[PDB]
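model-v2.cif follows (mmCIF, C-alpha atoms):
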```
data_entry
#
loop_
_atom_site.label_atom_id
_atom_site.label_comp_id
_atom_site.auth_asym_id
_atom_site.auth_seq_id
_atom_site.Cartn_x
_atom_site.Cartn_y
_atom_site.Cartn_z
CA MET P 1 7.92 -115.59 33.17
CA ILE P 2 7.30 -118.85 35.06
CA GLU P 3 3.99 -119.00 36.90
CA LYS P 4 4.13 -120.32 40.47
CA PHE P 5 1.71 -120.92 43.33
CA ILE P 6 3.65 -120.79 46.58
CA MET P 7 3.06 -120.65 50.32
CA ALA P 8 4.15 -117.25 51.65
CA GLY P 9 4.13 -118.32 55.27
CA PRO P 10 0.45 -119.05 55.97
CA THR P 11 -0.80 -117.34 52.78
CA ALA P 12 -0.92 -118.91 49.33
CA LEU P 13 0.41 -116.48 46.72
CA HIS P 14 0.23 -116.30 42.92
CA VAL P 15 3.58 -115.20 41.50
CA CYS P 16 5.36 -115.03 38.15
CA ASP P 17 9.14 -115.25 38.11
CA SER P 18 11.63 -114.86 35.24
CA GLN P 19 14.15 -116.73 37.46
CA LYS P 20 17.33 -115.62 35.69
CA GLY P 21 19.37 -112.68 36.97
CA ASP P 22 21.71 -111.80 39.82
CA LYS P 23 19.74 -108.65 40.63
CA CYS P 24 15.99 -108.92 41.18
CA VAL P 25 13.16 -106.41 40.66
CA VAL P 26 9.73 -107.13 42.18
CA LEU P 27 6.71 -105.33 40.70
CA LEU P 28 3.59 -104.60 42.79
CA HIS P 29 0.40 -103.65 40.92
CA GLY P 30 -2.10 -101.10 42.17
CA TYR P 31 -5.81 -100.86 42.89
CA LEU P 32 -8.12 -102.65 40.43
CA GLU P 33 -5.01 -104.08 38.73
CA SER P 34 -3.26 -107.43 38.99
CA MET P 35 0.03 -108.97 37.85
CA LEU P 36 -1.42 -108.84 34.32
CA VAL P 37 -0.95 -105.04 34.19
CA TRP P 38 2.82 -105.63 33.90
CA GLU P 39 2.69 -108.14 31.03
CA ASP P 40 3.97 -105.78 28.33
CA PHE P 41 6.42 -104.10 30.73
CA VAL P 42 8.43 -107.09 31.99
CA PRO P 43 10.19 -107.70 28.61
CA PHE P 44 11.88 -104.31 29.06
CA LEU P 45 13.48 -105.66 32.27
CA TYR P 46 13.96 -109.42 32.26
CA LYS P 47 16.91 -109.58 29.86
CA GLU P 48 19.04 -107.74 32.47
CA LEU P 49 17.23 -108.48 35.75
CA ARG P 50 15.27 -111.24 37.43
CA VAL P 51 11.65 -109.99 37.39
CA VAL P 52 8.98 -111.08 39.87
CA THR P 53 5.30 -110.11 39.71
CA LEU P 54 2.52 -111.22 42.02
CA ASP P 55 -1.19 -110.82 42.77
CA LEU P 56 -1.58 -108.96 46.07
CA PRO P 57 -4.16 -110.54 48.40
CA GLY P 58 -7.54 -109.16 47.40
CA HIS P 59 -6.74 -108.77 43.69
CA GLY P 60 -6.09 -111.05 40.74
CA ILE P 61 -5.89 -114.69 41.83
CA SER P 62 -5.33 -114.40 45.58
CA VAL P 63 -6.67 -114.99 49.09
CA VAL P 64 -9.03 -112.72 51.01
CA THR P 65 -8.41 -112.75 54.77
CA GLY P 66 -11.02 -110.75 56.66
CA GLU P 67 -12.56 -107.33 56.19
CA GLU P 68 -9.25 -105.46 55.83
CA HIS P 69 -5.92 -106.18 54.14
CA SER P 70 -3.56 -103.84 55.97
CA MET P 71 -0.49 -102.54 54.16
CA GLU P 72 1.62 -104.30 56.84
CA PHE P 73 -0.10 -107.61 56.09
CA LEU P 74 0.48 -107.17 52.37
CA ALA P 75 4.14 -106.21 52.90
CA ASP P 76 4.74 -109.16 55.24
CA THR P 77 3.13 -111.47 52.67
CA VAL P 78 5.51 -110.22 49.98
CA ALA P 79 8.49 -110.61 52.33
CA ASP P 80 7.57 -114.21 53.18
CA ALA P 81 7.09 -114.96 49.48
CA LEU P 82 10.52 -113.58 48.57
CA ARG P 83 12.23 -115.65 51.26
CA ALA P 84 10.38 -118.74 50.01
CA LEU P 85 11.56 -117.95 46.46
CA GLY P 86 15.14 -117.61 47.71
CA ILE P 87 15.34 -113.88 46.97
CA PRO P 88 17.08 -112.17 49.92
CA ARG P 89 17.32 -108.71 48.31
CA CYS P 90 15.31 -106.94 45.63
CA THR P 91 14.44 -103.56 44.19
CA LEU P 92 10.75 -103.22 45.03
CA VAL P 93 8.61 -101.23 42.58
CA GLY P 94 5.14 -100.26 43.72
CA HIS P 95 2.45 -98.78 41.47
CA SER P 96 0.12 -96.48 43.46
CA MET P 97 -1.55 -98.87 45.97
CA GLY P 98 1.45 -101.13 45.32
CA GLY P 99 3.62 -98.24 46.45
CA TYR P 100 1.78 -98.13 49.78
CA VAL P 101 2.67 -101.81 50.18
CA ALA P 102 6.25 -101.05 49.19
CA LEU P 103 6.42 -98.33 51.87
CA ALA P 104 5.28 -100.74 54.60
CA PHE P 105 7.87 -103.17 53.22
CA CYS P 106 10.56 -100.48 53.44
CA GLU P 107 9.51 -99.88 57.05
CA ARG P 108 9.29 -103.51 58.18
CA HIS P 109 11.79 -105.35 55.95
CA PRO P 110 14.50 -102.90 54.78
CA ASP P 111 17.09 -105.69 54.94
CA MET P 112 15.37 -107.24 51.92
CA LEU P 113 15.63 -104.07 49.80
CA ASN P 114 18.41 -102.82 47.59
CA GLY P 115 16.07 -99.92 46.79
CA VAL P 116 12.42 -98.89 46.58
CA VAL P 117 10.59 -97.27 43.65
CA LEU P 118 7.35 -95.36 44.09
CA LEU P 119 5.72 -95.43 40.65
CA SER P 120 2.90 -92.87 40.86
CA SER P 121 2.45 -93.35 44.59
CA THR P 122 2.88 -91.01 47.53
CA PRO P 123 3.73 -91.57 51.21
CA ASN P 124 0.79 -89.52 52.51
CA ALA P 125 -2.12 -91.01 54.39
CA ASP P 126 -5.63 -90.96 52.93
CA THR P 127 -7.24 -87.55 52.93
CA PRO P 128 -10.66 -87.49 54.61
CA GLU P 129 -12.30 -86.88 51.23
CA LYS P 130 -10.53 -89.86 49.65
CA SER P 131 -11.51 -92.17 52.52
CA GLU P 132 -15.13 -91.07 52.15
CA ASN P 133 -14.99 -91.97 48.46
CA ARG P 134 -13.43 -95.33 49.32
CA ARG P 135 -16.33 -96.02 51.68
CA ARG P 136 -18.64 -95.11 48.80
CA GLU P 137 -16.90 -97.72 46.65
CA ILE P 138 -17.17 -100.31 49.45
CA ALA P 139 -20.90 -99.59 49.62
CA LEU P 140 -21.23 -99.95 45.84
CA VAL P 141 -19.47 -103.34 45.93
CA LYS P 142 -21.60 -104.65 48.80
CA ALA P 143 -24.69 -103.61 46.82
CA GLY P 144 -23.65 -105.73 43.83
CA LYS P 145 -22.54 -102.69 41.81
CA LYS P 146 -18.83 -103.50 41.41
CA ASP P 147 -19.34 -102.90 37.68
CA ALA P 148 -19.73 -99.20 38.47
CA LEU P 149 -16.06 -99.14 39.49
CA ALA P 150 -15.12 -100.36 36.00
CA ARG P 151 -16.54 -97.25 34.29
CA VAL P 152 -14.13 -94.49 35.42
CA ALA P 153 -10.96 -95.91 37.01
CA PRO P 154 -9.55 -97.77 33.95
CA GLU P 155 -9.36 -94.64 31.77
CA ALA P 156 -8.78 -92.02 34.47
CA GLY P 157 -5.30 -93.33 35.29
CA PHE P 158 -4.01 -92.33 31.87
CA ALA P 159 -3.05 -88.89 30.70
CA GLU P 160 -6.18 -87.49 29.08
CA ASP P 161 -4.40 -87.19 25.73
CA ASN P 162 -3.38 -90.88 25.81
CA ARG P 163 -6.90 -92.29 26.06
CA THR P 164 -7.07 -93.09 22.35
CA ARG P 165 -3.58 -94.59 22.12
CA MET P 166 -4.14 -96.62 25.31
CA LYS P 167 -7.64 -97.85 24.50
CA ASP P 168 -6.59 -101.52 24.43
CA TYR P 169 -5.09 -101.24 27.92
CA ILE P 170 -8.19 -99.41 29.13
CA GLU P 171 -10.23 -102.37 27.90
CA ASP P 172 -7.79 -104.78 29.60
CA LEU P 173 -8.28 -102.89 32.87
CA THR P 174 -12.06 -102.79 32.44
CA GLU P 175 -12.10 -106.59 32.14
CA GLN P 176 -9.77 -106.90 35.13
CA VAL P 177 -12.47 -105.42 37.39
CA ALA P 178 -14.96 -108.15 36.45
CA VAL P 179 -12.59 -110.91 37.64
CA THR P 180 -11.50 -109.07 40.81
CA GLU P 181 -13.16 -110.50 43.92
CA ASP P 182 -15.80 -108.31 45.57
CA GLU P 183 -14.50 -109.05 49.06
CA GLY P 184 -10.92 -108.44 47.97
CA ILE P 185 -11.81 -104.95 46.73
CA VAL P 186 -13.42 -104.25 50.10
CA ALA P 187 -10.43 -105.58 52.02
CA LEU P 188 -7.95 -103.47 50.06
CA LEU P 189 -10.07 -100.31 50.27
CA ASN P 190 -10.24 -100.66 54.05
CA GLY P 191 -6.47 -101.23 54.09
CA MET P 192 -5.81 -98.03 52.13
CA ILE P 193 -8.18 -96.06 54.39
CA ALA P 194 -6.16 -97.33 57.37
CA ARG P 195 -2.64 -96.84 56.03
CA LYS P 196 -0.09 -94.66 57.83
CA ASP P 197 1.76 -91.56 56.71
CA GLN P 198 5.19 -92.85 55.67
CA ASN P 199 7.06 -89.58 55.03
CA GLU P 200 9.17 -89.69 58.21
CA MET P 201 9.94 -93.37 57.58
CA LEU P 202 11.26 -92.58 54.09
CA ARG P 203 13.48 -89.77 55.33
CA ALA P 204 14.88 -92.02 58.07
CA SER P 205 15.36 -95.03 55.80
CA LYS P 206 18.76 -96.22 54.64
CA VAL P 207 17.11 -97.77 51.57
CA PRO P 208 17.80 -95.89 48.30
CA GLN P 209 14.63 -94.33 46.89
CA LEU P 210 13.32 -93.44 43.42
CA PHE P 211 10.08 -91.59 42.60
CA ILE P 212 8.64 -91.99 39.10
CA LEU P 213 5.90 -89.41 38.64
CA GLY P 214 3.75 -88.41 35.69
CA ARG P 215 3.21 -84.80 34.68
CA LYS P 216 -0.39 -85.42 33.51
CA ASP P 217 -1.66 -87.55 36.43
CA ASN P 218 -5.26 -86.92 37.51
CA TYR P 219 -4.59 -88.57 40.89
CA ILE P 220 -1.24 -86.86 41.60
CA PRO P 221 -1.31 -83.37 40.05
CA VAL P 222 2.01 -81.63 39.49
CA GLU P 223 1.77 -79.42 42.56
CA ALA P 224 1.01 -82.39 44.81
CA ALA P 225 3.95 -84.20 43.22
CA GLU P 226 6.34 -81.25 43.52
CA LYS P 227 5.49 -80.93 47.21
CA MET P 228 6.29 -84.62 47.71
CA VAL P 229 9.63 -84.27 45.89
CA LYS P 230 10.72 -81.26 47.92
CA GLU P 231 10.15 -83.10 51.22
CA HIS P 232 12.39 -86.01 50.13
CA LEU P 233 15.84 -84.68 49.29
CA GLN P 234 17.25 -88.21 49.60
CA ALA P 235 15.10 -89.57 46.77
CA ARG P 236 15.90 -89.52 43.06
CA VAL P 237 13.05 -88.33 40.85
CA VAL P 238 12.17 -89.20 37.26
CA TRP P 239 9.37 -87.15 35.70
CA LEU P 240 7.35 -88.73 32.89
CA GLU P 241 6.38 -85.74 30.79
CA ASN P 242 3.70 -87.51 28.74
CA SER P 243 2.29 -89.88 31.35
CA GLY P 244 -0.45 -89.76 33.93
CA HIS P 245 -0.73 -92.49 36.56
CA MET P 246 0.19 -95.30 34.14
CA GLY P 247 3.72 -94.45 33.08
CA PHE P 248 4.92 -98.03 32.65
CA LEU P 249 2.27 -98.39 29.91
CA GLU P 250 2.35 -94.82 28.58
CA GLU P 251 6.15 -94.45 28.38
CA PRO P 252 7.44 -98.01 28.93
CA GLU P 253 11.01 -97.74 27.62
CA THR P 254 11.59 -94.54 29.59
CA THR P 255 10.09 -96.01 32.78
CA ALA P 256 12.13 -99.22 32.34
CA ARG P 257 15.31 -97.17 31.82
CA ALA P 258 14.63 -95.27 35.05
CA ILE P 259 14.36 -98.56 36.96
CA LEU P 260 17.38 -100.18 35.30
CA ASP P 261 19.57 -97.12 35.93
CA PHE P 262 18.42 -97.11 39.55
CA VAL P 263 19.13 -100.81 40.09
CA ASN P 264 22.61 -100.39 38.63
CA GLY P 265 23.21 -97.53 41.09
#
```

Would you give me this structure, written as structure tokens?
Amino acid sequence: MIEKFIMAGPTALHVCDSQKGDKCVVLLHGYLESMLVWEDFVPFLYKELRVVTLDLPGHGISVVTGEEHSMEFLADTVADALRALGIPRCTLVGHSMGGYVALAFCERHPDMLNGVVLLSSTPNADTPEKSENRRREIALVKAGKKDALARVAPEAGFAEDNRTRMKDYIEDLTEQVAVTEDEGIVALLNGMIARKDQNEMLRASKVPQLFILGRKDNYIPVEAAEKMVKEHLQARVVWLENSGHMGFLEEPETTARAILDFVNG
């Protein structure tokens, strides 16, 4: 992976790019993650594909523009970055929050997609209860208590029975929170509160779709996931039997195989 700092239109962007490959996969991290979350996953892909990772505005090393980073803004930023990199078409893989960005990208820039992968993400809007909890997290951050976010989220994304095996990644994610910008967390939380329901968009889209969904995911329980699958006949589904929300760390070879099979059609 070659590290690059580029201008995506008006927005500086931190990217990593394996450069080599006639087909390209772009990986979008989720909430309280950054490009670093993919570090052990990219070697499962970059021998066959060109792999791009990036820090979404508000996370990792990135800009913060205002009080809200809308999913449209984030998607347009990625699109501008890909054109600047000379990548006209990619398979876009979005983890959770990254999947919400990937959905706005599928809506606004489908010409740039050979396919879209929702990796433990759904197309539903925020429930009222979730938005209330996001406002609670915004309030915690503004009060100087961002550290409180680091206590639960890093472990809760894993299947309960993988917490011991994944303890090094849980520590990685804990440390990621400390170097995530306060105002970026606020901007992205407001953006997720504001995001649209994308179910009709997906059904209407000509872009091939893949869902990768864990069977032990605290955030997306099986019955929520099965309801999503049944509404999207056009999408392929891969179930990760021993993963929660973090399948690319919990079952990396299986998750990578799902993506590689999808990219090769």

* Run through the PyMOL selection byres ((chain P and resi 120-122) around 6) on the given coordinates and return the selected residues as a list in words. => residues 95, 96, 99, 118, 119, 123, 124, 213 and 245 of chain P

With C-alpha atoms kept, could you save the residues just selected as a PDB file, in the frame of the given file?
```
ATOM      1  CA  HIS P  95       2.450 -98.780  41.470  1.00  0.00           C
ATOM      2  CA  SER P  96       0.120 -96.480  43.460  1.00  0.00           C
ATOM      3  CA  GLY P  99       3.620 -98.240  46.450  1.00  0.00           C
ATOM      4  CA  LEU P 118       7.350 -95.360  44.090  1.00  0.00           C
ATOM      5  CA  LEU P 119       5.720 -95.430  40.650  1.00  0.00           C
ATOM      6  CA  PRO P 123       3.730 -91.570  51.210  1.00  0.00           C
ATOM      7  CA  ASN P 124       0.790 -89.520  52.510  1.00  0.00           C
ATOM      8  CA  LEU P 213       5.900 -89.410  38.640  1.00  0.00           C
ATOM      9  CA  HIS P 245      -0.730 -92.490  36.560  1.00  0.00           C
TER      10      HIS P 245
END
```

* d(CA of residue 20 in chain P, CA of residue 50 in chain P) in Å ->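 Taking CA of residue 20 in chain P as the start and CA of residue 50 in chain P as the end point, the length is 5.1 Å.
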
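As for CA of residue 149 in chain P and CA of residue 196 in chain P, they are spaced 24.7 Å apart.
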
* To do: Given the file shown, enumerate the residues that the PyMOL selection byres ((chain P and resi 77) around 9) captures and present them as a list in words.
  => residues 8, 9, 10, 11, 13, 56, 57, 72, 73, 74, 75, 76, 78, 79, 80, 81 and 82 of chain P

* Contacts of range 231-237 of chain P at 9 Å or less, counting only C-alpha atoms, minus same-chain residues fewer than 2 places along, as JSON, numbers by chain? -> {"P": [199, 202, 203, 208, 209, 210, 211, 212, 213, 226, 227, 228, 229, 239, 262]}
